[PDB]
Every structure is written in structure tokens, then in C-alpha cells.
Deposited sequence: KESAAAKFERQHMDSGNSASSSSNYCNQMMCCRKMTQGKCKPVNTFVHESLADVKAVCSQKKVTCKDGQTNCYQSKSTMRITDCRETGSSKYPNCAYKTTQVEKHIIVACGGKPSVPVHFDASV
């Protein structure tokens, strides 16, 4: 089965125009069978992201208490479904911002397993 850690890296990491979300949501499999409504890709280094798991502990949006807020801002891209998006033709809006990210962490070593929010 796909690890939560590898799932997070597939859904959220892209360390490194207007169709960026369209092509990446497709490439990273968030349009297989349904359109992931919203998804964030983080461009900081995988190391900088994993380090968020040793940063400020916050409560996840769902109440789980294994969320971690990043101490510094991060280049991320917000992928949000356009109003026309309708599986099997998922279409997204691409927005780039610099924000702190909140991720959930799990496993040993503790790594990010869910992208919770961007402050």
C-alpha cells in the first residue's frame, strides 16, 4: 500500500503556468475517478517540509492534534477546482503564494502525512 509519507509527497511536494494545476493534479493522480477539490503543492525542499514536523504544534482542522505549523513562509501553489470542473474533466485554478503551511505528521520518524492548511 502507498505510505502516508509517500502519499503526502505525491500530493504535496514539487520542490523546484496557468495550467500548472491542471497538469499536476492529473500527473499526481488527484483526478483519477474524481476531482480533488482543493490541493496544495509545496515548492520548498522536501527537507524543509519534513522539518515542519519538529516546529510549532497546532491542532489540525479536524481536531486531531498532530498538526504542525511551519515557522517560516513557503512557496506553495494552491490548486482549486474551477467552476467548470466536472470529472472526468477536472479543471483547476492556479494560485501561487508564500504562506506558512500547517501539515499533519505521523510515523517514526515523524513526517508529514496530510496537508492541513496554509495560514
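Participant: Need the unmodelled segments of the deposited chain, numbered from 1, in order.
Facilitator: Seq positions lacking coordinates: 17-21, a single run.
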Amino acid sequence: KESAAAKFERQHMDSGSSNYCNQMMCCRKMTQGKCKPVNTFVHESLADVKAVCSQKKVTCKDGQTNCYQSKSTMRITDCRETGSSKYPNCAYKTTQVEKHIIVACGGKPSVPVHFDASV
From here on, numbers count along this sequence of modelled residues.
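Participant: As stated in the PDB record, which stretch has the larger average Cα B-factor, 83-91 or 67-75?
Facilitator: Averaged over C-alpha atoms, the B-factors run higher in 83-91.
Participant: Mind pulling up the entry and telling me whether 37-45 or 52-60 has the higher mean Cα temperature factor?
Facilitator: So the stretch with the higher mean C-alpha B-factor is 52-60.
Participant: In terms of CA temperature factor as recorded, identify the highest of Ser110, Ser18, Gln23, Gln11.
Facilitator: So the option with the highest C-alpha B-factor is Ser18.
Participant: By the record's CA B-factor, is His114 among the lowest, middle or highest third of residues in the chain?
Facilitator: Its C-alpha B-factor, which the entry lists for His114, ranks in the middle third among residues of this chain.
Participant: For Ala6, does the deposited CA B-factor place it in the lowest, middle or highest third of the chain?
Facilitator: Bottom third by C-alpha B-factor.
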